[PDB]
Every structure is written in structure tokens, then in C-alpha cells.
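Have a look at the structure below, then the notes.
In what follows, every chain begins at residue 1, and chains take the letters A, B, ... in the order their sequences are listed.
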Amino acid sequence: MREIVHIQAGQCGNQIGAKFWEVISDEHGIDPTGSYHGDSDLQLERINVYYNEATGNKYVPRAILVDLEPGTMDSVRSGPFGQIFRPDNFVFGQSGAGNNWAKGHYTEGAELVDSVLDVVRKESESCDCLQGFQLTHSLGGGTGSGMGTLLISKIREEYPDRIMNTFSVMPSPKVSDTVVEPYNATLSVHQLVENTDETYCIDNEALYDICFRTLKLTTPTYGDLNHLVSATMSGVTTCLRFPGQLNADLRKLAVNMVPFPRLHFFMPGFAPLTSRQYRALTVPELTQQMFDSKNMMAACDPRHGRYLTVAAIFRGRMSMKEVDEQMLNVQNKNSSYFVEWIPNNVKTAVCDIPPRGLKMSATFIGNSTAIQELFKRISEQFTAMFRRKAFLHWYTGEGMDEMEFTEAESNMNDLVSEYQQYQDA
Amino acid sequence: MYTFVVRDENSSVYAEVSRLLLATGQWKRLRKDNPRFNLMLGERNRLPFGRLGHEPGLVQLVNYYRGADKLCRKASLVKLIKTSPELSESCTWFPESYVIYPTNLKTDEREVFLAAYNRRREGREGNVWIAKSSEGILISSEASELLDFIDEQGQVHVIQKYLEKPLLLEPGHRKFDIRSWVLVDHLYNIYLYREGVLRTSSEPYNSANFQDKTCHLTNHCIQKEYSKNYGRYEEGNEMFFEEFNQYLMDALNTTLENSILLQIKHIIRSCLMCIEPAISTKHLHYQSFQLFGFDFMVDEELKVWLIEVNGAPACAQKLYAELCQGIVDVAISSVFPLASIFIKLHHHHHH
Amino acid sequence: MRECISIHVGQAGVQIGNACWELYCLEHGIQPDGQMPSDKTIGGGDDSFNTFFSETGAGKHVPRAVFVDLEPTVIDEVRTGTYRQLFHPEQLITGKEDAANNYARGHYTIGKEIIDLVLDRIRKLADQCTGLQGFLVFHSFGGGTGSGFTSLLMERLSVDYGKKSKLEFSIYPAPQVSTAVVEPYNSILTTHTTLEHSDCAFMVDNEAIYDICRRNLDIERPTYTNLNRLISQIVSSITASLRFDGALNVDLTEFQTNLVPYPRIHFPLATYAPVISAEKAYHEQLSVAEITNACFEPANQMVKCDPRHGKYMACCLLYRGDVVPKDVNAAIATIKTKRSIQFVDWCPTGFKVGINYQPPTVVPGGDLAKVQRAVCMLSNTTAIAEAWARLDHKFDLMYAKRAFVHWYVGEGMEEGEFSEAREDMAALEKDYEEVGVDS
Amino acid sequence: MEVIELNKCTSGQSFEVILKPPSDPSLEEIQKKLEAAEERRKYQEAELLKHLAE
Ligand SMILES: Nc1nc2c(ncn2[C@@H]2O[C@H](COP(=O)(O)OP(=O)(O)OP(=O)(O)O)[C@@H](O)[C@H]2O)c(=O)[nH]1
Ligand SMILES: Nc1ncnc2c1ncn2[C@@H]1O[C@H](COP(=O)(O)OP(=O)(O)CP(=O)(O)O)[C@@H](O)[C@H]1O
Ligand SMILES: O=C(Nc1cccc(Nc2cc(Nc3cccc(C(F)(F)F)c3)ncn2)c1)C1CC1
Ligand SMILES: Nc1nc2c(ncn2[C@@H]2O[C@H](COP(=O)(O)OP(=O)(O)O)[C@@H](O)[C@H]2O)c(=O)[nH]1
Ligand SMILES: [Ca+2]
Ligand SMILES: [Ca+2]
Ligand SMILES: [Ca+2]
Ligand SMILES: [Mg+2]
Ligand SMILES: [Mg+2]
Ligand SMILES: [Mg+2]
């Protein structure tokens with residue numbers, strides 16, 4: 001279990017995915033041309049997980065970049081690290097998807113999907129031990145949402161035994177391009193519930209609130225929102241990218257975090273919450289902020305649910321004794337919020353290499369039943385339009401039937417029930 | 001904020017301890033089966049001692065001593081006294097007692113019971129005995145009825161010398177038993193609570209009819225019902241220490257401390273010292289305290305007798321407040337410090 | 001002389017075996033390139049140490065060991081490390097992807113495709129044996145390899161070597177050192193499938209070892225290196241009688257004869273003393289009396305439990321260093337009058353005593369001080385059933401909600417194997433309580 | 001306290017002190033189970049690809 005293949009789809013998917021490759025290329029000493037330049041040889045013990053090494057010992061991200069229009073990928077190719085990417089791995093159409101899940105899944109995206117799978121197959125074939133896939137995309141548009149979930153369905157057909165992980169931006173009326181985002185998101189969640197092992201639920205609402213109330217940015221852009229996502233994505237993957245005692249892989253996380261196959265939607269968090277200060281944080285401060293709902297990226301109150309499992313990843317040089325005391329303290333002080341029927345469901349890890357600009361940081365991955373609040377919101381916004389069948393003509397004109405909407409809404413309400421079952425168990 | 005759980009709801013004492021812990025505003029009760037507790041107020045039966053002290057980051061304390069039932073079961077107590085050298089057959093404060101299994105179960109001491117029972121047939125001495133199990137009490141100078149009544153039951157019984165000449169309080173010519181409450185903390189400090197109670201009979205003792213079991217059985221329940229003079233002399237057949245001391249002063253010209261209590265502290269200390277190596281939690285990964293009820297009888301020569309040790313005692317109504325505050329004081333806050341009513345039993349005679 | 005084969009399975013089993021073979025080499029004066037200057041029979045022999053080492057014409061002493069893992073990184077550290085020359089490539093077997101903390105993945109899915117290669121490499125070693133006695137198997141309860149592949153291996157070894165004895169050294173799961181919530185499931189599954197195939201099993205609770213490391217070595221947060229060097233001292237104590245001249249526990253059959261009257265109750269409790277920090281500035285050496293007495297403190301056991309509240313069925317005292325029988329018998333007579341040591345009625349109250357005069361060897365630069373005498377007590381007490389109750393409770397909490405079951409069913413397992421294994425464990429707990437508790 | 005079966009040698013001694021007297025499946029049957037779980041895997045996998053085919 002070694003190589004991971006990364007896919008980024010549509011506008012949000014590629015903007016966040018680009019930021020992700022900037023951040024982790026800085027961590028691994030790789031420069032915008034693919035040449036290593038660091039000090040620790042541990043920038044490269046596990047560099048193969050995310051980079052293919054080409055001749056000249058030059059490192060190329062195992063990254064496929066997908067879109068149904070060329071706009072954002074021409075931006076990525078012009079971007080900071082834009083030259084890092086293997087040019088054969090830019091797969092794009094011309095027509096766009098018009099924020100329409102049906103065009104991404106059933107019409108436009110269908111035309112494009114096999115050429116995307118060809119790039120995937122070539123990246124897999126050159127892998128000693130492919131461990132699985134990650135996808136960055138939003139659920140509110142058409143490409144990342146509709147074609148992104150079409151891809152996941154195709155990858156599962158061809159690699160039914162590899163791990164599939166998504167980093168999925170949830171639409172929010174506060175940070176919203178179009179009124180049909182609740183339709184696209186509901187159609188997408190029905191796919192995600194069946195064909196992913198792990199879904200990191202990033203609520204654009206929560207990113208907005210953090211930028212405003214905590215980073216003191218009055219007019220947050222998508223750029224500031226994505227800075228928080230790439231920082232969390234970095235922390236979530238740091239254990240896979242650097243040698244430590246854990247020898248982290250995809251499967252053991254999936255196995256230990258997901259007690260029921262459909263309840264795999266995770267609440268991410270990051271601490272300390274920064275905005276591109278010099279104060280040293282203490283381990284007690286890291287641990288309180290990490291569990292703070294204001295540091296979490298899905299706009300859900302953990303106090304309204306129960307934790308099924310929790311992964312905490314600390315970064316930097318600190319006392320393991322103090323980390324384990326502080327961790328044991330939050331569980332033993334707030335024990336009602338952890339399910340008693342999964343003994344010892346809080347696990348912690350440490351990576352000795354801190355992220356850029358911080359000496360100490362922590363990443364939080366929570367499988368909480370409070371994530372149901374996210375799916376309730378989407379379901380309320382969905383039903384508010386669907387009971388008047390509003391905006392459906394954009395989808396029925398692509399071949400879809402109202403029945404397919406009624407099924408996706410029923411599946412999402414089932415998932416909300418499942419969560420509520422274990423919150424009371 | 002310390003955390004605790006309760007798993008015995010039929011416990012007046014620890015119900016009150018629970019309430020007192022809450023009202024400090026630094027103790028939180030968890031659910032009966034949340035393992036993340038500092039304190040376990042445990043069940044009387046099949047308490048899971050083997051799951052304690054394996055919660056990283058939690059000092060754990062329980063209100064029972066694993067193994068103390070060897071003191072709090074009639075047959076266990078008899079076996080422990082007769083087989084422990086430091087108590088021994090030559091134990092002057094325990095009534096002569098033999099372990100008796102029913103015939104449907106067939107080890108057993110009916111063998112040696114009759115051997116001494118004959119020396120009271122031979123020796124003309126008062127050969128009355130009482131039989132009891134750990135309701136179901138028989139007093140009779142005929143061994144043939146004792147052993148018949150025990151086989152008619154299904155569980156182990158003990159035949160014990162019946163103390164026929166007890167100290168009887170006047171006015172009444174009437175029986176009593178003394179109940180002492182003893183707290184053993186996690187350090188194995190032995191704490192006698194300064195207030196005892198006399199469980200009194202309100203019927204004149206009568207040594208001719210050992211079957212009229214209401215002047216012979218000073219149990220607070222048998223006297224609440226089958227007794228017609230309940231509440232005459234004292235409220236609820238309960239005399240406390242200030243009065244009993246005064247009566248002893250006036251009737252007998254002695255005190256409670258000299259004539260009775262020195263012997264009680266000697267008996268409590270001897271029993272708890274005996275089983276200390278078997279039950280101490282000094283170097284264990286969890287810790288125990290426990291409250292015991294010691295039951296004594298006083299004969300006419302002011303000799304104290306130990307009757308029974310109770311591992312789950314109720315307290316007396318007016319004392320609940322003071323005792324349960326004292327448990328929290330020395331058994332719990334000693335281990336979990338927030339932001340005497342006891343006598344400590346200790347003695348180091350050099351020889 | 002009769003040979004023994006060591007089988008190390010999964011990460012815990014491999015890292016512990018590394019610790020043990022390093023210790024063995026120091027104790028027998030075998031250098032990392034396999035040369036033993038004091039072995040004057042070049043190229044062959046049947047001394048006591050040849051139970052664990054074979055010899056080449058070049059004078060190389062080779063462990064009778066096979067290391068098995070479903071993933072390469074740990075055994076690759078063996079192949080490139082200090083003792084690389086010690087082992088023969090064919091004895092180091094790795095798969096490509098591991099069992100992902102999944103019993104059924106290691107047993108059914110990935111086991112099925114490597115079990116035959118392993119049995120063949122194990123027969124390669126049996127073939128260089130004049131009279132093999134059987135197997136020491138090292139593994140964790142909690143890993144998917146350690147549980148699942150080990151149980152598959154145990155069944156097959158009973159098939160292909162049905163006469164030979166099988167001893168386990170098992171790591172019992174501790175949340176302080178584990179990154180997996182499913183270890184209770186794997187533990188129960190592998191105990192149920194392995195119980196009848198094991199003659200004697202020494203359980204080591206990582207939690208006990210962790211706390212001994214904190215308490216007596218002043219190591220703030222023990223690593224696997226700390227845990228393993230201590231665990232290997234204990235294993236060394238237990239196998240010294242196979243590897244050294246003596247008369248107590250000289251073959252694997254004797255461990256069952258001396259420690260296991262009832263064959264299902266085959267889990268002796270090990271207790272070890274003294275454990276002394278090497279950084280401890282000033283240390284007064286402990287007497288025979290003090291270390292023997294320490295054998296009866298729960299804080300020195302491999303599994304926290306309370307033997308005062310069960311009954312004993314056998315007791316072996318294994319001393320290394322300056323000890324003579326008179327000191328031991330005096331220490332026992334003193335301890336007997338001060339401690340609650342009750343035997344089952346159908347067994348003699350007594351102790352089998354083994355004394356090897358060489359004091360324990362310590363890894364240069366490790367955490368353990370050299371001491372003048374040390375002791376390992378192996379007692380078959382019913383109190384160790386406490387560790388089963390703990391484990392069974394955890395299993396019951398998760399299985400009532402079917403938490404994580406789907407990962408196992410998706411590997412080929414049937415849900416009912418869960419409740420089968422659990423009911424065997426319930427039988428086991430009731431066995432213990434019958435032997436050890438009066439009404 | 002009886003000491004018994006005392007053995008001595010250059011490297012140590014051993015003895016026993018008494019304080020008190022006394023008061024498998026076949027290669028075929030394994031191969032079957034390993035194949036009955038592999039068939040359950042192949043079934044589950046086929047039911048998935050049938051679902052993906054719908
Ligand atoms: N004492 C000790 N325990 C260990 C060691 N390595 C792992 N463990 C414990 O073993 C359990 C995890 O099992 P592993 O042995 O790593 O898993 P595995 O057998 O390699 O199987 P996989 O699941 O395929 O990786 C946990 O309880 C760990 O704490 C070790 O080196 N020493
Ligand atoms: N050897 C004995 N001689 C004389 N009277 C005895 C006696 N043993 C018991 N008694 C009497 O019976 C009562 C004690 O009975 P017993 O020892 O069985 O208590 P018990 O378990 O039934 C209720 P509790 O446990 O709360 O005290 C005493 O009041 C005493 O008067
Ligand atoms: O997977 C990803 N990041 C990631 C992060 C941490 C660990 C791992 N991998 C593991 C986890 C593991 N057990 C484990 C179980 C629960 C919690 C924890 C933890 F993290 F809290 F310590 C560890 N064992 C082996 N490998 C992977 C991103 C999606 C691409
Ligand atoms: N966090 C974040 N959200 C975005 C970004 N761009 C678009 N979105 C959100 O994504 C949704 C629109 O999807 P988008 O990716 O633009 O459509 P697509 O190109 O068809 O995949 C809306 O909910 C937007 O708020 C971005 O750069 N960052
Ligand atoms: Ca077209
Ligand atoms: Ca030789
Ligand atoms: Ca066998
Ligand atoms: Mg857009
Ligand atoms: Mg094609
Ligand atoms: Mg492993």
C-alpha cells in the first residue's frame with residue numbers, strides 16, 4: 001500500500017486541488033518545476049505516495065485534472081505550481097456543465113469520462129502497489145458534482161478493491177453561485193453514500209464563518225476559503241507522506257473510522273486557525289481548539305451529536321506525554337459525547353514535521369452523528385424547491401425523470417435516519 | 001470535575017452519598033455503564049472488580065473491598081475465625097459455632113457439633129443453641145430439632161451457641177444488640193463512627209419459651225410487626241449512645257467506653273487486621289473503600305460478643321446526614337481532593 | 001538434543017523476535033555475523049544452544065526462525081539491520097499488502113494465498129532437524145496478520161506436524177499503544193480458532209509492560225523498542241531452559257506437564273523482578289527474598305490481575321544469577337506466611353525451581369540495569385481470566401451494535417463466526433470460574 | 001517443606017519444594033472453509049458489478 005492517485009474535477013475541485021499540491025510540494029521541498037530542494041531526507045522517504053519520479057530525479061504529482069470547460073485549468077497551468085503537473089493529465093472538454101448535475105453525470109460528462117479513465121489506468125499501471133484514490137470536487141456545480149460522481153462509479157467498477165476517498169465541498173446559501181446547488185448536492189450525496197470509503201465534508205458556510213469571525217476577513221474570497229481547505233488537506237494526509245511510527249495507509253484509517261459502511265462522512269478540523277501570528281501554542285491549547293466547533297469545517301455542532309470515532313493528528317515537536325494527557329482529559333471530561341459502545345474510539349498520531357509557518361498544529365477528523373445537520377439543511381433547501389418542481393426543466397431537458405429526484409431525496413433522508421439511530425443507541 | 005457512577009439503587013447510604021457529591025458542584029454522575037469514571041458506587045452482587053483500574057488517565061475508586069465477603073457471610077466468618085491463627089479456636093469474643101450443610105447437600109461440621117453438644121448434656125450446662133443462614137431462626141436445647149430444621153432448608157446454616165444470659169435493660173428486662181459503623185479507607189485506616197445504635201427488644205426476655213421469637217430476636221423488622229410494645233421505651237426500638245452511656249452510669253456505675261467500647265474496638269480491629277493481606281488495595285491498579293456494619297451483643301458480665309459483620313449496611317435515620325458526609329470526607333475526598341466523627345483504630349504494642 | 005522452531009508473525013511478532021534473537025546472541029556470545037568463537041565444534045554439534053541455532057561449515061550460527069508478514073516494511077528493517085547476516089533470505093517472508101487490522105482479511109483472504117509458501121519455508125527448517133519438538137509462535141492478538149494469519153498457520157501446523165508441541169507468546173491489546181478500535185474482535189476470533197491448537201500460551205498485556213516501563217524505568221512515553229527489550233528479557237527467562245544445561249523445562253512437553261493440567265486453561269501468568277533503570281544513579285541490589293516476594297506484587301505481572309482472588313494450579317520459579325536453593329526455600333517459607341496463595345485442592349501447594357547461575361544479560365545502551373539476580377515466576381492462576389472478561393466486555397459492547405462487522409463479512413467471514421468465537425470465550429470464562437471460585 | 005528431585009550442574013541447579021500435598025480438522029476440511037469464504041467474496045463482488053451494470 002503505497003501510491004495514491006489524486007483526481008480533481010471541475011472549478012472548485014481544481015482550485016482547491018491546486019492549492020493542495022502547492023502546500024504539500026512546499027512541505028516535500030519540491031519546487032514549481034519538480035526539483036527537490038530540502039534538507040531532511042524524510043521529505044523523500046514517502047515522496048512516492050503522491051509523486052511519480054521521472055528522470056533527472058524530478059517529481060511529478062500523481063494528479064489527474066478534469067473539467068468540462070477549459071477556463072480553470074488554463075488558470076491552473078498558469079498558476080504558481082502550474083508546471084508541476086504532467087501535461088498529458090489535463091483532461092477537459094469545451095462545453096461546460098452549466099451548474100447542472102445531469103450534464104456532468106449523463107450527457108457532457110459521459111462523452112468525456114472514458115478519456116479520464118484512460119489517464120487513470122495509465123497512472124495505476126505504473127504503480128507498484130496502488131492503495132486507492134482521492135477526489136477533490138464540490139457538490140454544488142455540475143462537473144465536480146455530476147461528472148465527479150460518474151468517475152467514482154467508473155473507478156469502483158474497474159478497481160473494486162481499492163480505497164476511494166473524497167474531499168467534498170458542501171454548498172451553502174451564504175456562499176452560493178446558483179439556486180440549484182441543493183439539487184446537485186442531493187443527487188451527489190446519493191452517489192457518495194454508496195461508492196466512497198471516506199468523504200471529508202467541507203461546508204462552504206463553515207469556511208466563510210471562520211474567515212469572517214476568526215480570521216477577521218470582512219470580504220472572504222474563494223482564495224481565502226481554499227487556504228483553509230488545503231491546510232486541512234495537508235494535515236489530514238501528513239501521516240501518509242512522512243515516516244513515523246504509524247506507517248499510515250488508506251485502508252487502516254477507513255477500517256478504524258467507519259463502523260457502518262454508509263456512515264463515512266467526516267467532520268474535518270484544523271488548529272491553530274491562521275490567515276495568510278507568532279505566539280507559541282501549548283499542547284493544552286491545541287487540544288482545546290482542535291475539538292472546538294469553531295475550528296471545524298462542516299457547519300455542525302458536535303454537542304448536538306455523538307462521536308463514533310475520532311482521529312487527531314498532531315504536527316511538530318511536543319511532548320507525547322502531554323499530548324496523551326490532554327487527549328485523555330477531553331474524553332474523560334466530555335465523555336457523554338463519545339459513544340460508549342465503541343471502546344477507546346479516540347486515536348491520536350503525531351508527525352514530527354510541522355506545516356509551513358507553524359511550529360505546532362493539529363488536525364481533527366471526526367465521525368460524528370451531528371453531520372446529520374448538514375444533510376438536513378440540504379434536504380430542506382431541496383424540498384423547498386422540489387415541492388413546486390422548480391428549476392427541474394434544466395434536468396428533465398437532459399433526460400432525467402422526477403423519480404430520480406424523489407429517490408435521491410429518500411436516500412438522503414434515510415442517511416439522516418441512520419445517523420439518528422446511533423445518536424440514541 | 002470528578003466523575004462517578006452508581007450501580008446499586010437500593011442503597012440508602014450511597015443514595016445520600018451520591019446526592020452529597022452532586023451538591024458540591026465538582027462531581028458529575030455518568031451513566032451506569034460509562035467506563036470513564038473516577039468512582040464506582042457498585043452493585044452488591046457480581047461487582048466487576050476485574051474491569052477496574054484499566055482506564056488510562058483515571059484514578060479509579062470503588063466502595064467495596066473485593067474479598068470482604070469472607071467477613072460478611074455467616075459460614076465464611078466461622079471458617080475465617082476457626083482457621084485464622086490470629087483469631088483461632090481460642091477466640092474469646094465469638095460464640096461457639098459449627099458449619100452445617102443440609103442433608104440434601106451432605107466441608108461439614110455436624111461431626112464436631114454433637115461432640116461438644118454432649119459435653120453440655122453431660123456437664124449439665126445450658127445446652128441452648130441458635131441456627132441461622134446467610135426468617136429462618138431456631139433456638140432450642142435439643143440438637144435433634146436444630147439438625148432437622150437445617151435439613152428441611154436447602155442452604156448452608158451455622159449452629160451457634162445461644163447467649164442465654166444477656167444484659168437486659170431496665171425498665172423492661174429486655175434484649176438488645178449494638179450496631180457499629182466502620183469505614184475502611186483506601187489506605188486501610190480503620191475508622192469507627194462515633195455514633196452507634198442499640199437495636200432493642202421491647203418485650204421482657206423469657207428463657208423458658210425460646211420459640212416466642214420476639215424477646216429473643218432484636219431485629220428492627222421482627223419488632224416493627226410481631227412486637228406489641230414497639231416504641232414504648234425509645235422511638236423505634238433504637239437507643240443511641242448518649243442514653244445507653246447514662247443508663248450504664250446510673251444502673252451499673254460504669255461507662256460505655258470502658259465497659260463495652262474497648263472490647264468493640266478490639267474486635268473490629270482484630271477482624272479487619274486478619275483479612276487485610278487478602279483484600280488490601282495498597283499496590284493495586286484500582287482502590288477500594290468500604291463501609292461495614294458490625295453487630296454486637298452484651299452479656300450480663302458486660303462481655304461483648306460479635307454476632308455478624310454486614311458488608312452493605314443501612315444507617316440509622318438521624319445519623320444518615322453525619323455518616324454519609326463522613327464517607328465523602330475520608331473515603332472520597334482523600335483520593336479526589338475538592339477545591340472528626342470517626343475514631344481511628346490503631347495499636348502498636350511492642351513484644 | 002531436540003530442535004525448536006520460532007515463528008514470528010506480523011509486526012509485533014517480528015519486532016519482538018528481533019529483540020529476542022538479539023538477546024539470545026548476546027547470551028550465547030554469537031556475533032552479528034553468526035560467528036561463535038566459543039563453539040569449538042565448528043560446523044556442527046548438538047549442545048543445548050543448538051536447540052535454537054543451526055551451524056554452517058563456515059561456522060555460522062543460524063536461528064531456527066521464520067519471520068512472516070503480509071507487508072514488507074518491518075521485515076525489510078530486519079533484512080537491512082544489525083543482524084542482516086544472521087538470517088537466511090528464505091527465512092524472511094513478506095507479502096505485499098497487509099490485513100488492515102482485519103482478522104478475516106489475514107485468515108481468509110490474504111492468508112489463503114501465502115500459507116503454502118510459509119509451510120514450505122517452515123518445512124525447509126524442519127528438514128535440517130534430527131528430532132524437532134515443535135514451535136514457539138510470536139504474534140499480536142490485535143493485528144490482522146497476528147490474529148488471522150497466525151490462526152490459519154496454527155491449524156495447518158497441527159495438520160502437518162500433529163505430534164509436535166506448540167507454544168505461543170501473545171501480545172494482548174492495550175489502548176495506550178494501539179491505533180485500532182477492532183482489536184477486541186480480532187483477539188476473540190483468533191483465540192477461538194487457536195485454543196485447541198496451542199499447548200501453552202504466554203500472554204503479555206502491553207498495558208502492564210507499558211506501566212512497568214513508566215514506573216520502573218522512568219520512561220515517560222514508552223516506545224515499542226522499550227516494550228520489546230523488556231518483553232525479550234522475559235521471553236529469555238522462559239526459554240533459557242531450552243537453551244542451557246539444566247533439568248527443569250528441558251523440552252516443550254515439560255511446559256505443558258508443569259504448567260497446564262487442564263488443557264484449555266493453558267495461559268500461565270508471568271511475573272518478573274527486578275526491573276531497574278540503567279540511569280538509576282545509586283541502586284542497592286535486591287536479595288533473593290526481595291525479588292521472590294516481588295513475584296507476588298500485581299505491578300510486576302505481565303497481565304494486571306489479582307491472583308489473591310483465584311486459585312493456583314502450578315508455579316515455576318526461574319532464577320538467573322547468584323541464587324542457591326537455601327535462599328529460595330527461606331524466601332518461600334517467609335512469603336507463604338504473609339500472602340494469600342491458595343492452590344486448587346487437586347494440586348500440591350509447591351514450586352518447581354530452576355536456577356541458572358549466569359545473571360541476566362542486558363542490551364548495551366538499553367534501559368535495564370545489570371543486576372546480580374533476577375527471577376521470572378510462571379504461575380497458572382485463574383485470576384488471569386480477568387483479562388478475558390475485560391476483552392469479552394469490549395467485544396460485547398461493539399458486537400451488540402454490529403459495529404465494524406461489515407469489514408469482516410466483506411472478506412468471506414460469516415457473521416455467525418463472531419458469536420461462535422464469543423461463546424467459546426464464554427465457555428472459557430466459566431471453566432476458569434469453576435476451577436477457581438467456591439460457591 | 002520437602003525439597004525433591006534436586007539436580008545440579010555447572011550452569012545451575014533445579015528442584016521442587018512441596019509445602020502441602022494435594023488436599024483437529026484435516027487439510028481438506030481447512031481448504032473447504034478457505035474456499036467457502038472465497039466463494040462468498042466472489043458472490044458479493046458479482047452482486048456489486050451487477051448493480052454497477054444496472
Ligand atoms: N509489545 C509490542 N506490541 C506491538 C508491537 N507492534 C504492534 N504491537 C501491538 O499489536 C497490535 C497491532 O498489531 P500488529 O502486530 O502491528 O498488526 P499485524 O499483525 O502486523 O497485522 P496487520 O493488521 O496486517 O498490519 C496492537 O495492540 C499494537 O500495540 C511491538 O513491536 N511490540
Ligand atoms: N448466638 C446468638 N445468641 C443469642 N442471640 C443471638 C445469637 N445470634 C443472633 N442472635 C440474635 O438474632 C439477631 C441477629 O441475627 P443475625 O445474626 O442472623 O442478623 P441478620 O442477618 O438476620 C439481620 P442484620 O444482618 O441487619 O443484622 C440478634 O438480634 C440476636 O439477638
Ligand atoms: O487517510 C488519510 N489520512 C490518514 C491520517 C491518519 C492516519 C492514516 N492512516 C492509518 C491509520 C491507522 N489507524 C488509525 C485509526 C484511527 C485514527 C488514527 C489517527 F490518525 F488518529 F492516529 C489512526 N493505521 C494505519 N494507518 C491516514 C487521508 C484521506 C487520505
Ligand atoms: N470552497 C470553494 N468553493 C467553491 C469554489 N468554487 C466554487 N465553489 C462552490 O462550488 C459550487 C459550484 O461548483 P463549481 O465547482 O464552480 O462547478 P463545476 O465547475 O461544474 O464543478 C458552489 O457551491 C460554490 O460555492 C472554490 O474555489 N472554493
Ligand atoms: Ca456533445
Ligand atoms: Ca558446535
Ligand atoms: Ca495439537
Ligand atoms: Mg462555478
Ligand atoms: Mg477507451
Ligand atoms: Mg502489520
Legend entry - Non-neighbouring partners of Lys344(B) that pass side-chain contact (heavy atoms from CB on, under 4.5 Å), sequence neighbours left out: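 Once residues adjacent in sequence are excluded, the partners of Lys344(B) under the side-chain contact (heavy atoms from CB on, under 4.5 Å) criterion are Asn189(B), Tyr191(B), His346(B).
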With a cut-off of 6.0 Å (strictly less than), are more than 12 heavy atoms of other residues, nucleotides or ligands near [atom1] of [X]?
X	atom1	answer
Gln155(B)	CD	no
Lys79(B)	NZ	no
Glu86(B)	CD	yes

Below 3.5 Å only, please: all the donor-acceptor pairs between chain B and chain A, one per line.
from     : atom 1 : to        : atom 2 : distance (Å)
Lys28(B) : NZ     : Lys333(A) : O      : 3.1
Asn34(B) : ND2    : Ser335(A) : OG     : 2.5
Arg36(B) : NH1    : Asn332(A) : OD1    : 2.8
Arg36(B) : NH2    : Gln331(A) : OE1    : 3.3

Inset, instruction - Return each pair, listed once, that meets salt bridge (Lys or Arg N to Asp or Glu O under 4.0 Å) where at least one residue sits in residues 59-70 of chain B; pairs must be two or more places apart or across chains. - result: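 Sorted pair list: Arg66(B)-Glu386(C).
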Inset, instruction - Can you run down the ring pair (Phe, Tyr, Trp, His ring centres under 6.0 Å) pairs that involve residues 60-81 of chain B, sequence neighbours left out, and say none if there aren't any? - result: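 For residues 60-81 of chain B, and leaving out neighbouring residues, the ring pair (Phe, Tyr, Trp, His ring centres under 6.0 Å) pairs sorted by first residue read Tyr65(B)-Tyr188(B).
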